[PDB]
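*Asks:* One structure is given below, represented as structure tokens, and several questions about it will come after.
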Amino acid sequence: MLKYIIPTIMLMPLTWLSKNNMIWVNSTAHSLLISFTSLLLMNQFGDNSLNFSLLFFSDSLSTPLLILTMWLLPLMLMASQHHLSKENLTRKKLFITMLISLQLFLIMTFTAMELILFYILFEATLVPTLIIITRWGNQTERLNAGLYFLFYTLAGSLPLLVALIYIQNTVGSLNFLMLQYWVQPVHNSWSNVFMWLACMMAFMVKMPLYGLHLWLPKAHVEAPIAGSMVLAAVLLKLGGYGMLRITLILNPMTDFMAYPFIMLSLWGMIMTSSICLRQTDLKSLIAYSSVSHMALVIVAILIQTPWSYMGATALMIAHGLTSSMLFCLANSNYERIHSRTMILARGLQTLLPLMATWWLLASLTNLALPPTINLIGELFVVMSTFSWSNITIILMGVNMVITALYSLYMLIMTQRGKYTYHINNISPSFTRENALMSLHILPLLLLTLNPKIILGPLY
Amino acid sequence: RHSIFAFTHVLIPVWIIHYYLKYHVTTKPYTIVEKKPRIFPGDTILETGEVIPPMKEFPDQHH
Amino acid sequence: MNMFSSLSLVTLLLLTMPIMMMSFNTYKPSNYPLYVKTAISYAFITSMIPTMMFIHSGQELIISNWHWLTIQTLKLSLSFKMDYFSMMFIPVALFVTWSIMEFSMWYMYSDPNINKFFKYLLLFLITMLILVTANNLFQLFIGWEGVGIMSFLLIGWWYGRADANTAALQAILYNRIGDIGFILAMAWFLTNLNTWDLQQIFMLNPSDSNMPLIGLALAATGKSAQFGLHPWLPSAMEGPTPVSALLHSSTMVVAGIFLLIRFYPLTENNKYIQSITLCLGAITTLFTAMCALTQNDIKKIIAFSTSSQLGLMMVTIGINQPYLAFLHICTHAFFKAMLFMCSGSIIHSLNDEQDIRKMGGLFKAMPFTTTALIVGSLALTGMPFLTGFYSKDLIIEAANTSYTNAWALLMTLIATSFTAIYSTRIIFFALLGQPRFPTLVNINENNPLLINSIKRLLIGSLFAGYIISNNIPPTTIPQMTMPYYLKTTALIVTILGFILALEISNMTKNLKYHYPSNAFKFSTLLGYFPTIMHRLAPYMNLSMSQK
Amino acid sequence: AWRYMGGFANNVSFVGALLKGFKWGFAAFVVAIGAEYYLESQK
Amino acid sequence: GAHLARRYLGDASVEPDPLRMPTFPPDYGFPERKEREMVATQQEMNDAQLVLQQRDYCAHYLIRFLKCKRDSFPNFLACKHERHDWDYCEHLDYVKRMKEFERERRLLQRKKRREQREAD
Amino acid sequence: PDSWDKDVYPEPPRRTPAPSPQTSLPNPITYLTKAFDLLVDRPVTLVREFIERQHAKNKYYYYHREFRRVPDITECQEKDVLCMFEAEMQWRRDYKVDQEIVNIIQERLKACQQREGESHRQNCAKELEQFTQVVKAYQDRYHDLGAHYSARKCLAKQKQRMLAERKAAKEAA
Amino acid sequence: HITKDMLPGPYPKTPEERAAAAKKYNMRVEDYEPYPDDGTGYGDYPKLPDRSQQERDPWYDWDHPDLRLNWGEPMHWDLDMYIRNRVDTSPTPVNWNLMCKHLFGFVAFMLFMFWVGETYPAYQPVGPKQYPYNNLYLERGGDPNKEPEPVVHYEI
Amino acid sequence: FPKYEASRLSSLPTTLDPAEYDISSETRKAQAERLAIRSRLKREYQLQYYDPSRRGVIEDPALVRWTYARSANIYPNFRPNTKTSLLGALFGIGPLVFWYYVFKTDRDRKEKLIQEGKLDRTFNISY
Ligand SMILES: C[C@H](CCC(=O)O)[C@H]1CC[C@H]2[C@@H]3[C@H](O)C[C@@H]4C[C@H](O)CC[C@]4(C)[C@H]3C[C@H](O)[C@]12C
Ligand SMILES: *C(=O)CCCCCCCCCCCCC
């Protein structure tokens, strides 16, 4: 992994020591090269994972999340340089440093071989994430929403620490490979029930689960484009990746301790998909789409079947590329009309022909048009939850019907109709904006030709 | 014009599909599975020169 | 085998190449529509060659060239099935599309996105041949949802109009409600059997298959616009008339039936479903035809003609006659495409007027269009020895002489009568009587493209049924012995329908005021299903959302 | 007035249109059965 | 079916049951019955791949038909003569079914009268 | 694909009727068949020979990996990771192979269904018979283990089956 | 850069507040009326009539044509639900209940009629069809080893 | 000919509206008043709309209020409101309870059959 950590570290000396005008060209061109060498992580074997050292390994579940992570950094530089053109150079370089710092923690987070090393790097990510979202965030609106952290830390990160520490004193190790061969059944007990919640609540909030989701729409409204791209694409997946790993040592308690959460997710899919219909802000509509999609991932993880785990891994990767593409498309308008209201600008397909095409592809993959990996993931989750209980096809079916409605309602409102007469600043799309969309949807469509790489370690 | 169409958009595509089907798809098990031909009474088999027995004599209806 | 397998796939690859040359190359813009029309021209001839081989010796293929994905003990391949249903349908669909691609060159000449329109027409055709040739259920879904999108994109072709955008979203909403049934079948087969391939499904033949068949039937209820999910097919006439001819009347709507014709091996054993499909078809054929009488827009009437026929296909499925419904699909495509194409000539000549009330006196001003408008209308009702006769007549014979639901048997015949009433209303109001259109006369149909397109499908509406019925191999034990009245019940009700219709038309001439009858208002407003359901449901779902 | 005069005045009835071309149709038909009659007569 | 009114509107026991028929042993009134004969061997029908529902007593004609057509390609009007044979053979087959229906109908009435007069 | 081993992927002998044209009209398919052979079959066949001649010029070989059997989880001491790791990787390989066995027996069942046409319900009893046995064996081996399946869980399921099977045998006597 | 006072505020509880509110929303005081004061969260937003945009005259020269709104005009709370594409409330030719009753009668009646047909089927007067070789026992997939119950079909 | 019976989704036509028939000085002033406000707004917008030098967005203050009011957090509402907040409590934890027994019982029944062999899973290989 050092082959990736080190060159990612060397991006900070690169940014600081570059010509003042060539920071974006260097950082984007060299953050792109790092991603190219990240295709070496697909040296996967059928029986055994790819273990590099005592600290870091890479199995089929982390390989895509690592390649997605390093693919996103060059995209987040292209997305952000336009609205950072005003501000001075030293403040400009720090913004790039925070993004390079975030990648470095994320590549170590997905590959950490020990759970405390994962936990520490799992919380260290929030440090760059919060600086980006609050210092460069477009919103100074004053939320007082730190109570969502006070709720998170008190109810999430702290119990995860006490449980992980408790487990090591008992099992003797937190090496993931060791837990595969040393895990023991979790007997029913009021003490074990608290261990189960401690090991999962931290990840449920980040997904986020229904009921704990209200932080996500607020965070997306504040964050700059870079904050939302990393937040929707990856940081939501840290909870998903965390639950896939940690459910190994929670059996068989997951059989009966997962009923309350599945009922939140299954019913959560319908509630948030319906709320999308009535949304007035793009970023909130896209933010509520994420909660509706991640609700499948939570159900897939908790029913723990070989098909569901393949489904969750495809959804996590597919959702990441799609949602970040939608966030960028929403930002392209905001960089014009300078508002996040959906109704403000309409009929934009009359003035921006090619951009309307990108909107169409992004919407199609969000509503899950076969054979996109957006449906390969969703179909597998639907197949397995059917076995879990045939009734779930009712809730799964309705969520497909609503999902097509806000997917296309978003398309119809912003791209169809009569253009708003008074808006006269819809300049033609830049090559930066078209290249940025093409780098979300060309990889996303090409993955359909070889879908095995994203189907996880259960493949 | 039709000749330029036919050569580029029919003849060349069918060479590719024939090269592909004959030397890549048919060289793997069960790729192309065809329903066995209908064998009627009083027919001749190419492989074995066999002759199927004729049917019984019909009840000689008025026909 | 060599020729059958190779040329079965040149058709599919031949259609894609025009799509490929849009993304790359730059040899010929400006002349794209004729470039596309030739692809279908050639793809048809190449598609006949396998069809002749199938007729000669009943040869059938499965081609699984590519291995795409192996989900443990589930292997997904790009499998094409070139059997009875694929071989017959493809030439019919290509032949119908051939003329429409030529009728669109004229009907859509001024529109500057003509090249984009032809790209979408072709992209639908590609997703329809995928649907019919598919050999496994997953590949069937690509076509199933592929057509569903291409409806949205084409229905809302004029995206400035607010009704066009509403009609497009309505098409998606009803189909995706039906596609809940499709996934339910997909989940059931994988869970209880072990494949999405059709071969393994028929080999195992589950005895208890009530759940998967309800799911399959539900997909047909939404895709083919049966009762309960039918409002979208009328409202989907908002697109350009070539779209309504090629998609929402000739082909795409049959895919709902085509799904049940695929699964006859299972539905034949399951009586409990046969009743549902019979009942489901019985109501839709009556209801839509009942609504067809009082409509005033030529596109809308022909739209309900499609729904009423499609229900007759659904009844054929129920009475356990799957191979007839397939014949009805093929024969139905010819004359229903010709009707729309002819109604396209009227609308284009009268300066975008769809109301038959303002049409008339065209019987002499538009000879060619009028001749076809008669030939097509006669096929639908059941004129002996026309394309429509070879399919509709047998369907009525098999319904009358089979163990069936009494009410369903009766509704079919009543709807067949109604099929006569609104076959005339198009003729009487649009072709007969003194003219009623605005003063300035520009009625001109002297163009080779519109004529050649209409001429070709006119021949199909005459001889296509006779050729197809004779050539296709026998597949069931047809019933040819029955009481005389049941034998000619179809013709009598058709004749009795005409008599009542002509009398009604004449009463319209008489100078007597108009009197509102509840039966009349229920007919015109489509039973109030569109009004109640497109107001109560959107209101509740949108309003419940905030809570 | 223009709707009821000038050539628009004469419009056939429902039956008339249905029977459009019958006169040529019958002529071809009657001759047709003759050919099969005669051609069969010559064996 | 005018007969239907007889069953549902009219008396029930007299009219046959379309599903439970027949309800009398074959020879109760038919001394010396001749077993129906199948011309086509099981192997032949299987080799012809005839649809199962078409594997009935009239097969031998149907087999002959298809053989003609496959030979008569590309002419599709050639095999009319065979077509009639199979079609008529079904017509006779259908008639036998009608006789089976009436034989049930007559017996049911005959049973009704016999027991009624005795019950009187 | 040296050539699908006929034993593994069997196909019954082909019986095709000979051409017996009674009618006098020409048969287009016979004409097209010759035109196809000249226009398509040969120019393609020449290309494959040109490629094949050069392929045989440079010939290099690849081999099929052999894995020694190693002690199963039944011989591994509790918590002895190095023994469990050998046992666990081996079991995963066999779990993967046994999946491709079911597919092969599935591919047969699907080939027979198409080949036997309308008589398939009778002429595929052996193929359906074999498919049901492999499925039952697979179901008992590997069904219900879960997403975190392992050799230890496969062993526990087997040991549960044998106890219930063993107990049942007693009750009969 | 918009002022805080010109943004929605808490529910008005005194007429002076109401006068301030009505002015804030570009509305005459008489028209203005806030929602009932509960926790629903409408604040002081005007409670405009629940009518769809489809009602408004299409022939006026609106600022936003497709929406049929006027710049600065107060916007209905549920405006997005009432855009032309969505819920439509135009006056109907028939009474709402009458449409419901007729439709309920049509659908409900037919279902019972289909129930009746099932109870009393319709069929031709012919005996059940007969098949050779023990009803095609071997061709229906029966076990070759097990022997069926012999069946005999006699001429008639 | 019964009058039109209005409903929420069936508006009462203006032509049959009882009020519109009689417009007095009071009504006439109001409509003139409304037109006055409407007229003034049209003027403010049109100056910016027709201004040659404007290349931007004529920010509509009414729109901003609509978005702000819709996108509200916690500034309204009181926690222990029985008539409304409790009705919110039912609509939230209500459906989650219903689906609990809908899925708990079903998986109980299936497991019991599987524990008795009654359930048929002859080819159930993928889970
Ligand atoms: C192959 C050739 C490129 C060389 C050139 O520029 O002349 C290009 C140029 C214009 C093309 C033609 C045009 O696209 C349309 C022609 C008319 C018919 O549609 C048949 C195909 C048709 C005949 C095409 C075949 C081929 O693609 C052509 C002929
Ligand atoms: C069955 O579907 C048709 C019922 C129609 C009534 C016919 C009554 C008239 C014929 C009576 C004498 C002929 C004997 C069948």
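Chain labels follow the order of the structure tokens: the first chain is A, the next B, and so on; residue numbering restarts at 1 in every chain, and ligands are counted from 1 in their shown order.
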Please determine the contact residues of chain C with respect to chain A at a cut-off of 8 Å, counting only C-alpha atoms, and supply them as a list in words.

*Replies:*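 Result: residues 68, 69, 71, 72, 141, 142, 145, 146, 159, 160, 161, 162, 165, 169, 172, 173, 176, 177, 180, 184, 186, 187, 190, 191, 541, 542, 545 and 546 of chain C.
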
*Asks:* Against ligand 1, which residues of chain C fall within 6 Å? For each one I want the closest pair of atoms and the distance in Å (one decimal), counting only C-alpha atoms and all ligand atoms, rows by chain and increasing residue number, as JSON lines.

*Replies:*
```
{"residue": "C:27", "atom": "CA", "partner": "ligand 1", "partner_atom_place_in_ligand_line": "9 (C)", "distance": 4.7}
{"residue": "C:28", "atom": "CA", "partner": "ligand 1", "partner_atom_place_in_ligand_line": "14 (O)", "distance": 4.7}
{"residue": "C:34", "atom": "CA", "partner": "ligand 1", "partner_atom_place_in_ligand_line": "19 (O)", "distance": 5.0}
{"residue": "C:35", "atom": "CA", "partner": "ligand 1", "partner_atom_place_in_ligand_line": "19 (O)", "distance": 3.2}
{"residue": "C:38", "atom": "CA", "partner": "ligand 1", "partner_atom_place_in_ligand_line": "19 (O)", "distance": 5.2}
```

*Asks:* Find the residues in chain H near chain C: any atom within 10 Å counts, using only C-alpha atoms. Write them as a PDB file with C-alpha atoms, in the first residue's frame.

*Replies:*
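Below is the file that was written, part_8.pdb:
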```
ATOM      1  CA  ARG H   8     -61.158  19.637  -3.027  1.00  0.00           C
ATOM      2  CA  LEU H   9     -60.056  18.192  -6.381  1.00  0.00           C
ATOM      3  CA  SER H  10     -63.168  19.522  -8.178  1.00  0.00           C
ATOM      4  CA  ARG H  70     -40.617  25.178   2.821  1.00  0.00           C
ATOM      5  CA  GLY H  88     -47.008  12.931  14.011  1.00  0.00           C
ATOM      6  CA  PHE H  91     -47.340   8.621  11.550  1.00  0.00           C
ATOM      7  CA  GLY H  92     -43.706   7.628  11.898  1.00  0.00           C
ATOM      8  CA  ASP H 120     -40.265 -27.547  -0.432  1.00  0.00           C
ATOM      9  CA  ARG H 121     -36.847 -26.217  -1.452  1.00  0.00           C
ATOM     10  CA  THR H 122     -35.852 -28.811  -4.011  1.00  0.00           C
ATOM     11  CA  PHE H 123     -33.741 -26.486  -6.187  1.00  0.00           C
ATOM     12  CA  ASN H 124     -33.360 -23.512  -3.812  1.00  0.00           C
ATOM     13  CA  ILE H 125     -29.620 -23.128  -4.340  1.00  0.00           C
ATOM     14  CA  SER H 126     -29.083 -19.342  -4.488  1.00  0.00           C
ATOM     15  CA  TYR H 127     -29.679 -17.248  -1.375  1.00  0.00           C
TER      16      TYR H 127
END
```

*Asks:* If we count only C-alpha atoms and set the cut-off at 10 Å, which residues sit around residue 105 of chain F, ignoring sequence neighbours fewer than 3 positions away in its own chain? Please answer as a ChimeraX atom specification.

*Replies:* /F:8-9,100-102,108-110,127-128,130-135

*Asks:* Output C-alpha atoms for every residue in the selection just made, as an mmCIF file, in the first residue's frame.

*Replies:*
```
data_model
loop_
_atom_site.group_PDB
_atom_site.id
_atom_site.type_symbol
_atom_site.label_atom_id
_atom_site.label_comp_id
_atom_site.auth_asym_id
_atom_site.auth_seq_id
_atom_site.Cartn_x
_atom_site.Cartn_y
_atom_site.Cartn_z
ATOM 1 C CA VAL F 8 -18.223 -33.815 -19.988
ATOM 2 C CA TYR F 9 -20.385 -32.033 -22.572
ATOM 3 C CA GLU F 100 -18.912 -24.854 -11.693
ATOM 4 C CA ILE F 101 -20.001 -28.492 -11.409
ATOM 5 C CA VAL F 102 -23.599 -27.417 -10.858
ATOM 6 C CA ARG F 108 -26.668 -30.110 -19.964
ATOM 7 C CA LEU F 109 -30.224 -29.731 -18.691
ATOM 8 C CA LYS F 110 -30.647 -26.630 -20.851
ATOM 9 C CA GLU F 127 -30.509 -34.988 -17.647
ATOM 10 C CA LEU F 128 -33.208 -33.927 -15.187
ATOM 11 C CA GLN F 130 -28.643 -35.920 -12.791
ATOM 12 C CA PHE F 131 -29.480 -32.256 -12.192
ATOM 13 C CA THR F 132 -31.618 -33.060 -9.148
ATOM 14 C CA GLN F 133 -28.894 -35.115 -7.462
ATOM 15 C CA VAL F 134 -26.153 -32.517 -7.895
ATOM 16 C CA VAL F 135 -28.507 -29.826 -6.617
#
```

*Asks:* For a quick test of understanding: name the residues of chain C lying within 7 Å of chain E when counting only C-alpha atoms, and present them as a list in words.

*Replies:*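 Residues of chain C within 7 Å of chain E, counting only C-alpha atoms: residues 56, 57, 470, 471, 475, 476, 477 and 481 of chain C.
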
*Asks:* Identify, counting only C-alpha atoms and all ligand atoms, the protein, DNA and RNA residues located within 10 Å of ligand 2, and give them as a ChimeraX atom specification.

*Replies:* /C:399-402,406,409-410,483-486,489 /E:1-5 /G:122-125

*Asks:* With a cut-off of 10 Å, could you pull out the residues of chain F touching chain A and give me the nearest pair of atoms for each, distance in Å to one decimal, using only C-alpha atoms, ordered by chain and ascending number, as a Markdown table?

*Replies:*
```
| residue | atom | partner | partner_atom | distance |
| --- | --- | --- | --- | --- |
| F:78 | CA | A:182 | CA | 8.7 |
| F:79 | CA | A:182 | CA | 5.9 |
| F:80 | CA | A:181 | CA | 8.4 |
| F:81 | CA | A:181 | CA | 6.4 |
| F:82 | CA | A:181 | CA | 9.6 |
| F:84 | CA | A:181 | CA | 6.9 |
| F:85 | CA | A:181 | CA | 7.8 |
| F:88 | CA | A:47 | CA | 8.5 |
| F:89 | CA | A:47 | CA | 5.4 |
| F:90 | CA | A:47 | CA | 7.6 |
| F:91 | CA | A:47 | CA | 8.6 |
| F:92 | CA | A:47 | CA | 5.6 |
| F:93 | CA | A:47 | CA | 6.0 |
| F:94 | CA | A:47 | CA | 9.6 |
| F:95 | CA | A:47 | CA | 9.6 |
| F:96 | CA | A:46 | CA | 8.1 |
| F:144 | CA | A:305 | CA | 8.3 |
| F:145 | CA | A:305 | CA | 8.3 |
| F:146 | CA | A:305 | CA | 4.8 |
| F:147 | CA | A:305 | CA | 4.3 |
| F:148 | CA | A:248 | CA | 6.5 |
| F:149 | CA | A:306 | CA | 8.5 |
| F:150 | CA | A:180 | CA | 8.5 |
| F:151 | CA | A:181 | CA | 9.7 |
| F:152 | CA | A:181 | CA | 8.5 |
```

*Asks:* Near residue 238 of chain C, within 9 Å and counting only C-alpha atoms, which residues show up once chain neighbours fewer than 2 positions away are dropped, as an mmCIF file with N, CA, C and O atoms, in the first residue's frame?

*Replies:*
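So the final result, stored in around09.cif, reads:
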```
data_model
loop_
_atom_site.group_PDB
_atom_site.id
_atom_site.type_symbol
_atom_site.label_atom_id
_atom_site.label_comp_id
_atom_site.auth_asym_id
_atom_site.auth_seq_id
_atom_site.Cartn_x
_atom_site.Cartn_y
_atom_site.Cartn_z
ATOM 1 N N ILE C 155 -42.289 10.104 -26.793
ATOM 2 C CA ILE C 155 -43.570 10.732 -26.485
ATOM 3 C C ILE C 155 -43.374 12.215 -26.214
ATOM 4 O O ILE C 155 -44.109 13.062 -26.729
ATOM 5 N N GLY C 156 -42.380 12.549 -25.403
ATOM 6 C CA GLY C 156 -42.079 13.934 -25.124
ATOM 7 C C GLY C 156 -41.112 14.510 -26.133
ATOM 8 O O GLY C 156 -40.137 15.164 -25.760
ATOM 9 N N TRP C 157 -41.362 14.260 -27.419
ATOM 10 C CA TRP C 157 -40.486 14.800 -28.450
ATOM 11 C C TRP C 157 -40.551 16.318 -28.490
ATOM 12 O O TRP C 157 -39.520 16.987 -28.606
ATOM 13 N N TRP C 158 -41.752 16.879 -28.406
ATOM 14 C CA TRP C 158 -41.923 18.324 -28.305
ATOM 15 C C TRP C 158 -41.965 18.644 -26.821
ATOM 16 O O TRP C 158 -43.019 18.620 -26.189
ATOM 17 N N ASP C 163 -48.207 19.152 -21.703
ATOM 18 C CA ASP C 163 -48.912 17.879 -21.775
ATOM 19 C C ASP C 163 -48.003 16.764 -22.266
ATOM 20 O O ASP C 163 -48.164 15.610 -21.855
ATOM 21 N N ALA C 164 -47.055 17.074 -23.149
ATOM 22 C CA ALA C 164 -46.136 16.046 -23.617
ATOM 23 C C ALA C 164 -45.298 15.506 -22.469
ATOM 24 O O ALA C 164 -45.116 14.293 -22.342
ATOM 25 N N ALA C 167 -47.476 13.341 -20.330
ATOM 26 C CA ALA C 167 -47.780 12.062 -20.957
ATOM 27 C C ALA C 167 -46.587 11.122 -20.922
ATOM 28 O O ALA C 167 -46.763 9.904 -20.821
ATOM 29 N N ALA C 168 -45.372 11.659 -21.021
ATOM 30 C CA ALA C 168 -44.185 10.817 -20.959
ATOM 31 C C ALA C 168 -44.014 10.218 -19.570
ATOM 32 O O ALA C 168 -43.802 9.011 -19.428
ATOM 33 N N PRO C 234 -53.796 5.838 -24.332
ATOM 34 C CA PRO C 234 -54.416 7.003 -24.989
ATOM 35 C C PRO C 234 -53.598 8.272 -24.843
ATOM 36 O O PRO C 234 -53.349 8.970 -25.833
ATOM 37 N N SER C 235 -53.158 8.585 -23.625
ATOM 38 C CA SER C 235 -52.408 9.808 -23.383
ATOM 39 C C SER C 235 -51.021 9.780 -23.999
ATOM 40 O O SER C 235 -50.356 10.817 -24.021
ATOM 41 N N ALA C 236 -50.567 8.635 -24.489
ATOM 42 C CA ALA C 236 -49.268 8.535 -25.131
ATOM 43 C C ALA C 236 -49.322 8.906 -26.602
ATOM 44 O O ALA C 236 -48.316 8.763 -27.303
ATOM 45 N N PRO C 240 -45.143 12.519 -31.812
ATOM 46 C CA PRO C 240 -45.361 12.597 -33.258
ATOM 47 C C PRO C 240 -46.055 11.344 -33.758
ATOM 48 O O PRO C 240 -45.806 10.242 -33.274
ATOM 49 N N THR C 241 -46.932 11.519 -34.739
ATOM 50 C CA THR C 241 -47.721 10.388 -35.210
ATOM 51 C C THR C 241 -46.859 9.207 -35.638
ATOM 52 O O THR C 241 -47.260 8.063 -35.369
ATOM 53 N N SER C 244 -46.470 7.155 -32.606
ATOM 54 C CA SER C 244 -47.656 6.409 -32.206
ATOM 55 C C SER C 244 -47.888 5.210 -33.109
ATOM 56 O O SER C 244 -48.408 4.186 -32.658
#
```
